[PDB]
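[1] part one of the complex, left exactly where it sits:
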Amino acid sequence: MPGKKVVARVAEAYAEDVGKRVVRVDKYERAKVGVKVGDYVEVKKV
């Protein structure tokens, strides 16, 4: 696929977020991915 992929390091979820299919991403990754809080993303291994 063309262009630079957005790659991030996996860290464990905070306990209260576990089991909610949520991924915490900061504003810098959100800008590059092109998403806002509440949007959905695909996550896959590098």
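    Ah, there it is. Residues are numbered from 1 along each chain as shown, chains lettered A, B, ... in the order given.

[2] burial of residue A:17, as a residue count?
    For residue A:17, the count of nearby residues is 12 (other CB atoms under 10 Å). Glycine gets a C-beta too; all of them are placed from N, C-alpha and C.

[3] ok, it to residue A:4 distance?
    Distance of residue A:17 to residue A:4, given as CB to CB, to the nearest Å: 28 Å.

[4] With residue A:22 instead?
    25 Å.

[5] Between the two, which is the more surrounded one?
    The residue with more neighbours, out of residue A:22 and residue A:4, is residue A:22; 10 against 6, by other CB under 10 Å.

[6] Share the number of residues neighbouring the closest residue in space to the more buried one that isn't next to it in sequence, please.
    By the measure of CB to CB, 6 or more residues apart in numbering, the closest residue to residue A:22 outside its immediate chain neighbours is residue A:13, 7.6 Å from it. When neighbours are counted by other CB under 10 Å, residue A:13 registers 13.

[7] do residue A:39 as well
    Neighbours around residue A:39, by other CB under 10 Å: 10.

[8] for it, phi and psi?
    As for residue A:39, its main-chain torsions (degrees, to the nearest 10) stand at phi -80, psi 170.

[9] let's put chain B on the structure above:
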Amino acid sequence: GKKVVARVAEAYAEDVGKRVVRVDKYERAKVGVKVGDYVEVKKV
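    So, slotting chain B in with the rest:
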């Protein structure tokens, strides 16, 4: 591994600027990653 879909939530302040994504044990197992591995994140 496989591709998963998750809802985006804000990062905690201490995680900001470290290129970190917080993913729970369920998504990690499905994706085929462990803590410290890298993932690609894409808008859907």
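
[10] again for the neighbour count of residue A:17, chain B present now?
    16 (other CB atoms under 10 Å in any protein chain shown).

[11] got it, and residue A:23?
    Residues contacting residue A:23 under the criterion other CB under 10 Å number 27.

[12] Show me what the particular helix or strand that has it in it is packed against.
    Per DSSP states H and E, residue A:23 falls inside strand A:22-25. Counting contacts by 3 or more CB pairs under 8 Å, 6 or more residues apart in numbering or on different chains; DSSP states H and E, strand A:22-25 packs against strand A:40-45, strand B:4-9, strand B:20-23.

[13] Check the offset of stretch A:25-38 from the chain's centre.
    Relative to the chain's own centre, stretch A:25-38 is displaced by 7 Å; criterion: CA atoms, centre = their mean, to the nearest Å.

[14] Compute the first-to-last residue distance for it.
    Stretch A:25-38 stretches 11 Å from its first residue to its last (CA to CA, to the nearest Å).

[15] Would you mark the buried spots in that stretch?
    A:25-26, A:29-30, A:32-33, A:35 (16 or more other CB atoms under 10 Å in any protein chain shown).

[16] How about residue A:23, nearest residue that isn't a chain neighbour?
    Excluding the flanking residues, the one nearest residue A:23 by CB to CB, 6 or more residues apart in numbering or on different chains is residue B:6, at 4.1 Å.
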